[PDB]
Amino acid sequence: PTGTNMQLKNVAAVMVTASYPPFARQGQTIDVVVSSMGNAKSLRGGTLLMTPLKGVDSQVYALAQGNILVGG
Amino acid sequence: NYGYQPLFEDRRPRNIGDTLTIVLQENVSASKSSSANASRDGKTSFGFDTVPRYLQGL
């Protein structure tokens with residue numbers, strides 16, 4: 001429902017950045033960097049949900065989803 | 001099959017046939033007014049109620 005209070009603690013909004021390599025072909029995999037965006041304490045053992053990586057032209061060039069590795 | 005559907009992007013119309021809600025809220029109010037006026041009043045009088053004898057010819 002539109003009018004409701006959700007107060008989550010296990011979810012963080014993040015920005016994912018990656019490099020599109022030369023001569024990249026569909027189906028190949030690349031590394032991504034996940035950075036928190038607002039008042040999150042940690043991203044220790046989180047899992048990145050399906051994220052479309054846009055280019056400068058605002059077109060989806062990659063789809064990101066995986067487990068984050070934080071140093072510790 | 002409906003094609004790629006994003007997961008965190010807001011539900012927006014993207015293609016032909018997609019529906020969108022319009023909140024009609026129009027409030028236009030224009031006005032103008034103007035005026036102009038002019039007036040002019042004049043009185044003149046001269047009365048020699050008792051004319052002295054040396055001035056009765058003039």
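Work out the charge dipole of the protein assembly as shown with +1 on the Cβ of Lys and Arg and -1 on the Cβ of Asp and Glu about the Cα centre, then indicate which of B:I22, A:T29, A:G71 is farthest towards its positive end.
Of the listed residues, the answer is A:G71.
For an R0 of 22 angstrom, estimate the FRET efficiency from the Cβ-Cβ distance between A:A40 and A:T17 and round to the nearest 0.05.
0.85
Using the basic label-point model (7 angstrom from Cα toward the beta carbon), what is the A:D57 to A:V33 distance in nanometres?
2.5 nm
By the scheme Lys and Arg +1, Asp and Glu -1, what is the net charge of all other residues having a beta-carbon under 14 Å from that of B:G3?
On the way: positive: B:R14; negative: B:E9, B:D18.
Overall, the nearby charge balance is -1.
With chain A treated as a Gaussian network of Cα nodes joined by springs under 10 Å, which of A:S35, A:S58, A:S19 yields the largest mean-square fluctuation?
A:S58
Roughly how many nanometres apart are two label points built 7 Å out from the Cα toward the Cβ at B:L20 and B:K43?
A separation of 7.4 nm, rounded to one decimal place.
Identify the trypsin sites (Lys or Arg not before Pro) of chain B meeting these criteria: DSSP loop state and at most 14 other C-beta atoms within 10 Å of the C-beta.
Within chain B, the qualifying trypsin sites (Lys or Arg not before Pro) (loop, at most 14 other Cβ atoms within 10 Å) are B:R11, B:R14, B:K32, B:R40, B:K43.
Treating each Cα of chain A as an identical point scatterer and ignoring solvent, apply the Debye formula and state log10 I(q)/I(0) at q = 0.24, 0.27, 0.28 Å⁻¹.
Rounded to two decimals, the profile gives -1.16, -1.33, -1.39.
Looking at the P(r) of chain B, how many percent of alpha-carbon pairs lie beyond 19 Å? Please report the intermediate quantities before stating the final value.
Numbers: 1223 of 1653 pairs.
More than 19 Å apart: 74 percent of the Cα pairs in chain B.
Which of A:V34, A:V14, A:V60 moves most in a GNM of chain A, Cα contacts under 10 Å?
Checking each option, the largest mean-square fluctuation is seen for A:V60.
In square nanometres and to one decimal, what's the mean projected area of the convex hull around the Cα atoms of the protein assembly as shown?
28.1 nm²
We did not get these values from a lab; they are worked out from the coordinates using the rules stated. A quick note on method: Cβ atoms are made from the backbone with ideal geometry, for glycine too, and the neighbour counts reach across all protein chains shown.
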